[PDB]
Each structure stands twice: as structure tokens, then as C-alpha cells.
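Heads up: the sequence lines are chains B, A and J, in that order.
According to the entry's author numbering, the first sequence holds residues 59 to 78, 89 to 111, 116 to 230 in order.
According to the entry's author numbering, the second sequence holds residues 1 to 141, 174 to 268, 312 to 445, 451 to 1153, 1160 to 1200, 1214 to 1277, 1287 to 1338, 1433 to 1663 in order.
Okay, so the third sequence: first residue is 1 according to the entry's author numbering, each after it adds one.
Even for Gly, the Cβ is constructed at its ideal location relative to N, Cα and C.
To start, the structure itself, in C-alpha cells.
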Amino acid sequence: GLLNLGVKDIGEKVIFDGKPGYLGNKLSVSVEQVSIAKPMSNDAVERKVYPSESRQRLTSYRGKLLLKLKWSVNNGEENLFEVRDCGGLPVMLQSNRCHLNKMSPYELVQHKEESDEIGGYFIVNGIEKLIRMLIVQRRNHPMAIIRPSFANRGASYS
Amino acid sequence: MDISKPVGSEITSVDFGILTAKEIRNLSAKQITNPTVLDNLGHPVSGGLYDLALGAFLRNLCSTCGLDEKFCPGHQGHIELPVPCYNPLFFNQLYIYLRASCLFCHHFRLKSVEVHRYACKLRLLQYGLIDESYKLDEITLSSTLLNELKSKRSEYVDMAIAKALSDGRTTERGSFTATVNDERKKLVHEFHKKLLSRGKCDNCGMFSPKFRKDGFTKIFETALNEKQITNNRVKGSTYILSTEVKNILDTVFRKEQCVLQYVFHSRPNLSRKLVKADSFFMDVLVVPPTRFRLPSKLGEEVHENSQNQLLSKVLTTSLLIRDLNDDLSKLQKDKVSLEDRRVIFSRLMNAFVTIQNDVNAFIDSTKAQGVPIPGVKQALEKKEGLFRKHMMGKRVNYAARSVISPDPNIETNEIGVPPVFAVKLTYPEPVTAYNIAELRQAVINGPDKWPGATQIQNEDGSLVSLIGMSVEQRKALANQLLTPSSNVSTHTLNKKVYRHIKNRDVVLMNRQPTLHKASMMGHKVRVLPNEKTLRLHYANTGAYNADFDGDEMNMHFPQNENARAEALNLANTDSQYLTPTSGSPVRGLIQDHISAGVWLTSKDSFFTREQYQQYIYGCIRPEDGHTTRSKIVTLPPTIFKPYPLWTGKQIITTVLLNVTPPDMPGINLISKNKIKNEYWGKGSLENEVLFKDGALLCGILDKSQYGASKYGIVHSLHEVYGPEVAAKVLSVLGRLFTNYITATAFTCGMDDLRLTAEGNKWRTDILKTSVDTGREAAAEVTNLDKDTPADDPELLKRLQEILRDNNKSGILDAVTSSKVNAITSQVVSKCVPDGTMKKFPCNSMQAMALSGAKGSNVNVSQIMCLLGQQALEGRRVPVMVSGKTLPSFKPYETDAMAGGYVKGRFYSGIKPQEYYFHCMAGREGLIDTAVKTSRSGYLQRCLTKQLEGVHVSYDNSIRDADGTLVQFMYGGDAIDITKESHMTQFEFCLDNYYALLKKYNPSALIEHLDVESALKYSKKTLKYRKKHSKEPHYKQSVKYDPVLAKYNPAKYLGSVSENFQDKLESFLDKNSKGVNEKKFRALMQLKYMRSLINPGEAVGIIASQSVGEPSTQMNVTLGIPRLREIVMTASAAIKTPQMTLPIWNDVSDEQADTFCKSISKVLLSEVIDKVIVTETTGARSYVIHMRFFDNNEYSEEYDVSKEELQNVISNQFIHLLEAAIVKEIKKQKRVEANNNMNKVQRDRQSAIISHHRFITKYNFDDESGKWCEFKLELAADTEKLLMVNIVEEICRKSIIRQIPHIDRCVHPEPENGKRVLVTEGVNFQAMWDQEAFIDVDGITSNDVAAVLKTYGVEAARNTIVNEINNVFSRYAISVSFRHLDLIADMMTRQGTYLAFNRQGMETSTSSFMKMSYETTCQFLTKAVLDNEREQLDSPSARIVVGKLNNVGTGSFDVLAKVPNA
Amino acid sequence: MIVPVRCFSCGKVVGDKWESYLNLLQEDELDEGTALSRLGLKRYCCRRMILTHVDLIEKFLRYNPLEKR
DNA sequence: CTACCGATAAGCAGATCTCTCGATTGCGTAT
DNA sequence: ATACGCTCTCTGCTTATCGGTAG
RNA sequence: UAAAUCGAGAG
Ligand SMILES: [Zn+2]
Ligand SMILES: [Zn+2]
Ligand SMILES: [Zn+2]
């Protein structure tokens, strides 16, 4: 996935002590893995929640975000680990982290959704939102640009 | 407003001033000390922002006046700021005054004599004696002579003032006009600039420290220099507190009171108040009443006011600094440690800066530091402020808004209102003796039964609501309507019934955007029973620009008789037949009625007696006042045998006969319609319309007859029978055509869009000839001979070269477009109407396209023949980098279709490539449509803001709001634009002589006129003008002025303009036709007397609208941007200046083509073929070889010979090259030519070496002039230089020959006969030399500022009119020269070239106008520092204070004639 | 949603001809035109009433709050 | 040689029709 | 559970500084 | 009862 690669590219961040030259203990803290659980509820054993509940409750259709830290000390001398929750992360319908992912149209009708319900949109506070696709420059291609504003970047600027 | 509550007082003028700290401490009811607004339990804490002494707050009685929240006006408090803080509004002028002051002697660094001179000049300008101000400067002839000079200057000023006051000119309060205001502003600017230019004081010559304002909230003064410190002995960085600045400026202002009395007062300071420097410091803030600081609430969400937050921050900082002051004060009695003093003083300084920043943030957000809360300034400045959002434009009561729907059976002056609006909207009718019949029934009917009543206003002001009442109670109340009052205090008053809107009420209908005044009319109300839409007649759609595509508009209900009469007489929709832009009509039947009348007035239209009579009664019902004779009079049938038949033209004839009033002749009109005689067969004359004696005898009634079109039947009826008759005729014709279409329907279908077999064959044969158009156009552009195959490698190479250039491909896309458009024109000429399967009038597509009902010829051409070339911003379809116009077209394909030529039609569809190109064109059209609306509003806003006060006065001259004269007579003839349509239609007026004589009626207009004097003067002037007027205009001595100058045209018959009189005489001479020329000339002169513009006309607003609204439809700059250059900016730096030069008939075109080459500039680069730089380092060497074109080439193209080029290189080019090289080094320190030379060349080389710096060789091709090689030595230490970009830059800027400010001359094709040279620069002085070729007396120029500079004011004004004229000539838009003349006269009223913007309006007597326009705070500061007093004369000024306008109905008063003394 | 009771243009009752139309199309291998003609729908105003009906109510009926699933 | 009069190169400001809906409204320590 | 500090302008004007005069 | 900002629309 992309979340793991991104959290890997984030890297590590360190900070030293104020007690003994040497600065103290490194504290190489970071995050190694991040996961999104399919949305669930506590009403004992967890039960699957479906977007019909999120729409009728006028609430969000959110799963659970679990980040596992790597609390390292002294350049890897001692490593502690913890799976910290990170609040309710909104999920969009008909995705691999949604409970309507591979449901047949019959099963979609059985769970009140639609005969041919399509996803691509999150539910936030009972309101359905989507994130618009943007047009941006093409990746990894150096394109020549003659732009007048470059001359405004300073004197002696073409 | 309540008409039964008169107000006895009136605000006449307002004046601006500083609110002194002493007065606010006295007016205040309480001061605030605790920056906590309300304590626990929600109660407002005493002494805080919400104090009961500042007003009633949330069901708490005000502690000041003892009144509850409804009746408490509110009271102002204050904040005792611990230190004086700078006023952010006045900070700039305070910083100006702080500099140029001498701390030692407490005077300005300028000498006292010059300061006294400026004071005397300003005092002279206070009384408008601008003449004497400059005569004061003519008094100049050690230490005692200056005192005598000052005494004599003061004596002269006093003598001038006393004489001017005694000589009936001025009163004690001075004369303040625009021009004297401009002179005062100029003098004060020169004064302030001169103060800033001093070295040391001229009364004690000691230097003073130089201040420096880093930003607001802090002023830093630099320390005096060592050398300057010495002078302070021989004559015997640092922060500065606010108190020190206050003390310095207080001392300076106390010393120089006599001089600042005339810098801070534009009028005689009668109060004699001293100008104090405390005015610039707000020692005490003023808190507004709590009524204006209330907290916002939404259910539970309660938020406090932002001004409260700012004031609380100020109070917190004040308490902090007060605590620091106390801490210092305790140590003042017993000092312990100076280090504690150090830290506490640093904290105190930080507190000073913090509280000053708090004040700045409270007043002006942009002056704060450290998105933020808006200040007081931010609440007034821009749109959404307080001037543009709550004073000039407000939200109103008794107004509805709804989506409109069409409705025939509405009288074309009426508005159909829904029952809901009829139930809600109400009018207060005072109960009278004649009214109780209807008002009693209205009260009984109640609020939910139209017509009804919703409220009763008793004499005392009680408002008894009828909503929650039963019928019996309503009868009890109705029986007590006209009961005489029991109270003496109200015995002069009667009750009012807030009755529902009725059928006799008027309503103001408006649809946004209101581009012109006709978009807001007055309609008579008719209430309909069914639906919730405002039903509107079709004729009103022309002015509102309204369709029925869900368009909505606003109905306003005037609530008094004064506004009733205006909407019924002035804003009346009958009065709005002709638009004031050009006098053309804007009312008439639009779409179905035009085709209906084309069918009905045809020759085939025969109607039996029943059909004829039913058609006549269907529109002329003689019980609604539709006819005059009380009995519908009919006509004998056209055909008597075999059975009686009438005709449609006879239907029109009897309609006119019934609507036209009796005791008056019928109309006589000879006109034309839009359908050619060839569309009716051979020998037809139905194209010419002929009304004779009120009977239609020939022609078809069309769009050009009824509709917004000039010189039709409806226009003639309006001119002859008046406006009400024309409106009635419009309504009757609408009903008639509606009833004819409901019995004889009109349809369009697929059969109308087809062509015959021969038509399709013609179209295919012509379009097959287009298979070679694109290739031939490309061959023409590429200069290949002809017949060259499309895949010719040279053709492809040159096509690729053409594509890469934006100019060559600009001519490729113009040449091919012309040929494909010619092919399109051939197709359209061949295939319509000949190739059509169905012919007019059966073909309804052509029937409604020819008649003007809807569509055009290009639309039916696209539908039936082809779409034609698709134009993208004047070019063809864009091209990719690869040279493909589309993926499906090979690169550089020489095809018309590839470039965007659609051969398909909407009948048979278009191919996907053609579909794509058409989508491009449609998208471009939509983008232009969206961007055009946004590009025109600002022009109209700028024009309306300044011209809103300009109006016609009772002197028949037009002048601004404050009285400044702009024109002496509207257009020079005082003729209304909306009443001069038929002034020169002399044959029309002759043919309808008796009809016009019935209305003008001289027999009743003789007791109140002078008839012979104006005629005699006109005869004298005409004789003299005929005797003269063969010589040039400057030679004509003006012995006799035109009659309009002397005799008032509205009071002396015969006093008319010279153009009208000359045209009348020419008409009366050319043709001689029981009407003789004497009676006809008398009738025409009376018509001219009645065609004059009324005093009080809002002429400036009308001119601004007539220049702005037509601007919606919109090598040299052309269009709206050109207007932006002229009106908005008054740019001396015109983007593309041009100059027109006449040509003597002696010169020939062979000389003309070469003369344009003897003036056009020639850069050195235009002849250089190439430049070769041979750099050999190890001193640096350079061989700057310049290879030219052949001598025969540039000696002919530019007429430049070898000698001139060589001299330019020797003198100009090398100097610039060396200068550039030295500059670059300075900024960076961080075939073989013959070697042998002759004798003279060596000496020339030596001279060139000597005159220049680092040249060691030089040579020029003195025999052929095709090369120039010279050396260039630099120091061996220097690093690498480009030495090619330097030469490229210099060569383009080196000049062979040029006339200054002129870059090119052209010889275009003569237009309108006269031969003209057009030049791309402006230099009159150089064209004055060429008398031989150019007629110097006729040099007119596009530049409207250079002509002002060299040819004075009036020539610039004429240029302004002509330039603002031809921008509308390109688009074929009719705007009268009367508007343009007024606009030009307003732009040049000061003798300069003023614009319509903030800088152009910088000088005006009305401060409110300039404040409301833009930059409110700067204008407010200028108005309050000058202590300006405005008389509330601008239209915008009276809105702020709420007074009746000075235009139209507010241009006079009304007096009652009480019979008993 | 459900078949209209009457044709809009003229008012002929066509709500009794929807199940019949479906049965005519289903059992008898008929085209739409012949099935409409057999039902007595002559004018095209009546023909497009049953020819173009979508019968969305069935899709509505599967969402039943009053019965368990 | 030095002080006044301009004469550009650079910096800075304000600015470029009405109407109808819905949705949100902040965090960061300190106690 | 809870209170108070915060990255593609048009027209000018206005400022700083550079040469020339003449004083 | 309020205000901005964002978003969506109508002429
Ligand atoms: Zn009060
Ligand atoms: Zn001094
Ligand atoms: Zn039917």
C-alpha cells in the first residue's frame, strides 16, 4: 500500500536528554506500520456497521486507524512498540475497507443500500462528500516553460 | 414615512471637524475602566463596555434616560487613554508636519517670508480670488526689508478682500468652487513639497535631526551628525515618545497659527478657533452606544461584538500601563535600584507601543501587526462597507420579487400581480368624505379577501391590526372609520386604512442588471386570480431585456401620492417608447405577432363578414375604453360580388380607425418593410408600405412597422397622436394578432428545412470545388507557384515554419478564411431561396427569418446550406506542436476541413471533426459572453458617479450639482434626443400637417410668447451666414451670434439651431407643395419649440447610461479597452498612438510611398544580415564583423545609403556598445575582406580610435557597403562576456534615422474619399516641416493628450468626441453626439484632460460623492483636515442625509396660495 | 413509479393494461407494437403510456421496513 | 566647490448587478 | 473537566538618488 | 436574530 510507503518516507525523529560532548539519549521515534480497520461498533463482540446506519444516524462512516510506533532509544539499543489508535478515520463506500465491497446487488438490496450502488464518496456527519480529481503537471517529465513571472523572481532573471 | 407627521426642521449642510478631547469628556455619560463586559449571571458589570449608562441592554432600563431597549437612543462613553496616541487617519500629515520643523526656534525650516507669502495666497484662495493670488507674487522689490514686504503683502491681500466683498462678488463665507479648490490643492501640495526640501532653518540656521517612520505605531529619529553638530555650536536610531512629538508639534502650531489658519480651512474661519496639534492626537477614545455593539445570537450560540473585543484589548493595555506607572511612582518617592527602573521602563515603553498598536487595530485593521478583526475604517471603505451597501443601496419595504410569465390580454402598460402579492402589499389611504364607500368595504373584507384592509392607523398613531379579528369586529371598526376625532391635538388628522393593492395603483418594475433607465418602469396594477408569477406584456421585454426563462424581477409599491404621480407620469411605461440613447423606439411586438401580421396583411387574406367583425371586436372592446366612437365602425368590403369579402389590410385600417381619435385626420406614411418584392412574385409592390388617410393600401406590416424600429406605423402614430394612442395601438395589435394566431396557427417543421434535388445538386457541385481551396491558399502564403502537391517537401517545410510563428500563421488563417467564406457565400447565394423545397411565405423558417420575428439569414444558411468556417478569436482552429489540427488529420494538412471549415449543416448533421471544431467555437462564444458582462459595469459606474449631478437648469444651460457650468445649452440646440426623431422628417410632417396642427395648435399659444424678434434675428443671421461661409473658419469674424445664444428657444418662436434652419430652408426650396411654406415653417418652428429638453432633466445620468449600456453589445486599439483608455484612465500614454496626415493633390502616389519611408524609423538591426564575434583571449581581442544586406537592397527598401549607415555605426553604434560593455564589466566585478587600406581610411580609423575608448581597428566597405570589421580590446584580466547578446541588444536600439516618438508611417487605402497617411507615432512639430507633402492644417491624431498639448483645450475636446465616436462606429451602434459632447465637456472642464476615476474627481465641492465612490478614508481625512463644509448639493450627498434631490421634481418648490391674509 | 391510471394526452384508462401487456410480451412471443395493438391502444399518445413505462415500484418494494429479512 | 532643479529607476496602493440554498466555525497547555 | 493567547496586476502617486546648471 | 468562509446554483 501507499500508507506504509509514506510512513516509511517520513523516517525517524530524535531528541536528546539534558543530562550526561554527548547530548544524552537519541530517542529515535517513528511509525513503522499504519492500518485502517473496516468500521465496527460496540453494541461485547464487535458488529459490522453499514452506511445505512451512518446515514440514518446522521454521523460519519469511519473505520479505526491503528499506527504502530517504534519508540527506539540509543540508535536502536532498545525498541518499544505500541499499536496506538488514531481516532475514527472516514472511509468511502465500495472500497476495500468498506462492508459493501464485494456485495452482490441482491446483498446490497438486503442491506438497504441500492440495486447498483456505487462508491467513491465518504459519509461525514451524515453528509456525502467526495474529493474532486484535480489536473496537475505530468510527473517525472521536465517540460520547458517560458513564463514571464520568472523575470519577476528578481533582477537578471530570464 | 408618515405624511400625517410633518417635520418642521431640515438639515441644510454638514461640516467636518476633529472631536476635541475636552468635549467628549463632557458629552460622555460614563467612562469604561474594566475590560470585562459582563460578570457572572450574565448581568452587565457597571463600568464595563456594557454599562446601563451607555444604553438599555437586554431588558435592563438605561441608567441615563431611564428608557427600555426600544426607546433608548443610546449614549456614548469614552476611554481615558493614559498617553496621547497618534491618530492613524492623520498620521501621514502629522509625519509631514513633524519633518521640516526647527526644534530650536519652533518654526518651519523654510524662511518666514515665503511661509507668509503662501499664507497670504491661501487666504486669497479662501475667498475665490484666484486672480489676486498670482498678482501677489508680483511684489518682490537684509532683515528690515522683509518686514516691509510682509506688511505690503498683507495690505494688498486686505485691500483685495475688502474690494471683492464690497464689489457685490463675495459674502462673509467665501466663494468655494471646483477650480478654486483645485488651485488650493495644488498650492498646498507645492507648500508641503517645499517644506520637505530644506537643509537648515532660515531664522536660526541650525540643523535638526532627521526623523524616520519605520511603520505605524513607531517613529525613529536619527541623531544629528558630527559636522552638523558643529553649526549648532558656532551659531550659539533613537526612539521618540508620543508625548515628545505632541509637545514639538504643539509648540510649532502655536508659533505658526497665522499660517495654519489657512492650511486647515478652505473657507473663512468665522469661529476663530485656533488650530491645535492636539487635534492630531486622540488622548481619549470614544466608545459608541451599546446599541451599536450588541452581541449576536443564534439560539444558544451567543458571541460578543468585535468592537467590544478591540475596546477590551485597549482597556487591558491601559490597565497594564497604569500599573507600570504606579510601580514607577512608588519608587519616585524612594528610589532603591535603577536596574528595577531599567526593566520597568523597558516594560513601560513596550506598553506604549502595544497600546498604540491597539488603537491602530481598533481604527484600521491594515495598520495593525501580529483575517484580523476589521476596524472602523474597514466597515466603510469598500463594497460591503457602509456607504455602498447601506446608504447608496438599501433594502426596502413593500416590495416583492418573483419570476415573470408572459401575458397577452394585458394593456402593455399594466403588470399582472398574483393574489398573494395583492393580499400582502398594502397602501395607506387616509379616510375622507369621498373614500368611506370603498375603505369601509375594504375594512370589512379583512386581510385575506382582495380587495381588503390589513391595518387601521388612528389619529394618535395607534396601529390596530385587522388580522386576528372576526367579521363582526371588522364591521364595528369599519362603522367607526370617519368618526371625528375627540382629541384637539389630532383634530386636523384622519385615520388611514392600509388597503390592499388595487387595479388603480401603480407599481415600479425593475429587472437587474439595470443598465439603462428604461429597465425600471412604472406599470398600472391589474391583479389576476390564479398563479404566483408577475405577468408581463411582450412589449415590455424589449427594455427589460427579459425572457421567460425563469427570469425574475422586482415590484415596488410607492406609499405616497408624490411617488404615485412620478410613476404614473415620469417613470410611466408609456413615456418610455423612445430610448434616450439615440431616440430609437424600444417597444413593440416581438416574435409571434410579427409573423402573424406578415400572414394577415398578405394579399391572400380574405375574411368573410363574420370573421372580419369577430377579428375587429376581439381587440377593440368598446367597454374598456379601447375605442373612441362608442360604436365599432366598419368598412365596406373589398369585394362586393360574388359574395362580400374583406381584407387583412382592411382589418388593420379599421383597427386604426377605431383607435385613432375622431375630429382628426388619418395617418399618412410611406415606408418600407423587411421583405423584398421578389419574395412575392413578379410585379409585386408589397415591400413598400403606404398608409393614406389612415387606411392601409399597400405593403406588409412587419417588424420594421410594429416593433422597436424607427419610422414605422407605430412610431408615426406615437409622433402624431401622442404616446397614449401609440400604447393603445400596441395593445390592440397584440390582441388582434393573438386572436388571429389562435384561429390561424403558425408552425415550423422538417419540411421547411429541406432543399430540392436541384438545390442539393447545386450545393454538392459548389462544395466539391472546395477540395483545392486550402492547398491554393497555402501555396499563396508559402510563395510556391501553384498546383504544388500538398505533400511537396518545400511546402511542408514552409508550412512548419509558418506554424511556429504567431504572425505568419496569422496571415495563413486569414487568407484561407477569406476563400472559404467566399465559397460559403457562393453556396448560400445559389441554394436559398432557389434551392428550398418550400418557399416563402409557406416556408415558416424563411417566413420568420425574413420578417425579423426571430433568427437571421446566417441561421437558415447554417441550417440548410452549411455551417461554414469556424473562427476561434478571429483565427482558425488551433494547431498542436506536431502540426496536426486534430488526431485524425495528418500534420500540416492543406485542407479547409482540417482548418475548421464545416461543410455540414444542422439538417443533415456534422462529422465528428466538424463537431469538435463547432464545440470549440461555441465554448469560445460562451467564454466571451461571460467575460463581456464583467468588463462593462465599471465603466458605467465611473461615468454615473461623476455625471450624476449634471442636469439641465432653468437657464436652459446644463451644469453640475454644485453649480459649475459644463455646457451653455444641451448639444448646442437644447433638443431632447427622444423628441427629435421626426424634426427633420419634413415630408412626413407635411403629409400630416393638419394632424400635427391639431396637437401643436398655435392658436392657443400666442398670448404667452414673442413671435417676431427671434425670426428677425434668424433672418439677419441667415443672410450674413450665406454672404460669408466661403472662407476658412478662422477668418470668419463672428458679427452675429446664433439665435440660441441670445433668445431663449423655449420662449421665442423661431430661435432654432442653424443646422435645423438650413435643412428647413433647403427642404422648402427643393420642392414646392392647402398648405403653404409660411404655415409649414410656423408649424415646424413650434414643433422645435416643443422639442426642447426640460429643465431638471438628469442629462448626465442619461449620458452615462447611453455610453455604458451600448457598451454591453461590444492594428489600433478597438472596443471597450479603447473606452477604458479614454474615459476611465485619460491615458497620455495611449497604447497604440496614431496620427492622420492629409495629402496635397499635387503629390503622387509614387512620391507618397517613398515619403512614408523617409519618416518611418530604421533601426540599425534592420539592415544587418549577421554579426560575427571572433574572441581570442591571450589582452582580450574581438573582431566584431558586421555583414550587411547588399547595398542595392537596403538602399532601396529603407532609402539608406552607405554614408549614413557608416556614420551611424561610427558615432552611435560603437558608443552604445562600449557603454554597455563597461556597464556589464562594472556590474560583474562582484570570401575574405581586403587587408590593404588607402590614405583616408587610415585617418578615419585613427579618429575613431581616438574618439572611442578601446577600439584598435576599424574599417567600412567604402566601395560596396556590405561589411564592417573592427577590433575591440579589453583588459586581459576580464572574464568571459557573451559579446553576442550585447551586440544584439545594441543593434536593435541603435538607430539609423528616426523622427522622435514616431516608429512607422503607412499609406492606407483612402476611406471616404480623402487620401490619408497613417503614422504609428505622434510628433506634430516634425510633421509641421513637411508642408510640401502633408497638409499640416488637417493633421488629426488618435492621441487625445498630445493634441491637448500642442493644439489647446478645444481641439483635445473635439478629438475626445471623435475618438469616443468611432469606437461605436466599428460596432454600428447609434449613440447621439449630444451625450458624447457632454461627456467630453465634462472631461475637459478644467482645461486639462481629466478622467472618470478617483484622481479625476480629486477636486469637487461634495465630499460625500468622493467618499461614496472609493477610498472613503482618504477623502474623509482630506475633508476633515481642510474643515470642508458641503451644502448637500450632489445627488449622492443628499442620500446620506436623506433629503429630496435637486434633479427633476426636486428642482423647484411648491407654494400654496392661502386666500386670507 | 406505478403505471398511470389514465393516458395523459386523451384520458383513456390504461392502468388495466400493464399486467396484460407484460403477459402478452412474455408468454406469446410478440413484438411491442402488435401487443399494444391487441390491447386496443391505437393512438400513439396511449401507446407510449405502456410502451415506455418503467415500473419502478418493484425496485421500491424490496426495501420493506415492516418485515424482517 | 557647492547648493538648487530637475529626471529618471524603484517601491507602493487600490481595483478591476440582483437573487436562492447548504455547511462549519480551533488549537494547547496548566491546573 | 477546563480558560486565555494567536507560488504568472493597471493605473497612477511617492521616494531615492543621479547629473546638469549656475551662486 | 447575527458574521464570515467555502461550496452549489438562477437570470
Ligand atoms: Zn439610554
Ligand atoms: Zn529655527
Ligand atoms: Zn391517449
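- Within 7 Å of the C-beta of residue 116/A there is not a single heavy atom belonging to ligand 2.
- Residue 896/A places its beta carbon less than 8 Å from that of residue 976/A.
- At a C-beta separation below 7 Å, residue 126/B has no neighbours in chain J, since its nearest C-beta there lies roughly 17 Å away.
- Between residue 623/A and residue 599/A, the C-beta gap is smaller than 8 Å, which places the two residues in contact.
- Residue 138/B sits in a strand when the DSSP states are folded into three classes.
- Residue 1243/A carries a coil assignment under DSSP once its states are collapsed to helix, strand and coil.
- Taken through DSSP and simplified to helix, strand or coil, residue 904/A comes out as helix.
- Between residue 255/A and residue 240/A, the C-beta spacing is not below 8 Å.
- Secondary structure note for residue 162/B: its beta strand (DSSP E) is the uninterrupted segment 150–162.
- For residue 68/J, the closest Cβ of chain B is not nearer than 8 Å.
- Taking C-beta separations shorter than 6 Å and ignoring five residues to either side along the sequence, the partners of residue 782/A in its chain run 753, 754, 931, following chain order.
- Around the C-beta of residue 7/A, fewer than 16 other C-beta atoms lie within 10 Å, and the residue is accordingly described as exposed.
- For a cut-off of 8 Å, the C-beta gap from residue 539/A to residue 574/A is around 7 Å, short enough to register as a contact.
- In the structure shown, the three-state DSSP call for residue 1238/A is strand.
- Short of 8 Å from the beta carbon of residue 485/A, and not among the five residues preceding or following it, lie these beta carbons of its own chain, in chain order: 611, 613, 614, 615, 616, 628.
- Excluding five sequence positions before and after residue 544/A, the CB atoms of its chain that fall closer than 6 Å to its own CB belong to 536, given in chain order.
- A residue is called buried once 16 or more other Cβ atoms fall within 10 Å of its Cβ, and residue 126/B is buried on that count.
- In terms of beta-carbon proximity, residue 42/J stays away from the interface with chain B, with every pair separated by 8 Å or more.
- Rounded to whole angstroms, the gap between the alpha carbons of residue 215/B and residue 209/B is 9 Å.
- With fewer than 16 other beta carbons inside 10 angstroms of its own, residue 67/A counts as exposed.
- The set of residues with a C-beta under 6 Å from any non-hydrogen atom of ligand 3 comprises 7/J, 9/J, 10/J, 12/J, 43/J, 45/J, 46/J, given in chain order.
- Excluding sequence positions up to five before and after residue 231/A, its CB lies within less than 8 Å of the CB of 109, 239, all in the same chain and listed in chain order.
- Taking all protein chains shown into account, residue 154/B has fewer than 16 neighbouring C-beta atoms within 10 Å of its C-beta and is therefore exposed.
- Under the three-state reduction of DSSP, residue 1127/A is assigned to coil, being neither helix nor strand.
- When secondary structure is reduced to three states using DSSP, residue 949/A falls in the strand class.
- Secondary-structure assignment with DSSP links residue 1631/A through a beta bridge to 15/A.
- Excluding the 5 residues flanking it on each side, residue 249/A has same chain C-beta neighbours closer than 7 Å at 428, 431, 432, 435, in chain order.
- For residue 132/B, no CB of chain J lies under 8 Å from its own CB, so it is not counted at the interface with that chain.
- Under the DSSP assignment, residue 1267/A falls in the beta strand (DSSP E) whose first and last residues are 1267–1276.
- Straight across, the Cα-Cα distance linking residue 189/A with residue 133/A is about 8 Å.
- For the C-beta of residue 182/B, the chain J residues within less than 7 Å are, from N- to C-terminus, 69.
- Close to ligand 1, as judged by a C-beta nearer than 7 Å to any of its heavy atoms, are the residues 55/A, 56/A, 62/A, 64/A, 65/A, 67/A, 72/A, 73/A, 74/A, 75/A, in chain order.
- Not flagged as an interface residue toward chain B: residue 17/J, since no C-beta distance is shorter than 8 Å.
- A residue is called buried when at least 16 other Cβ atoms come within 10 angstroms of its Cβ; residue 1039/A meets this threshold and is buried.
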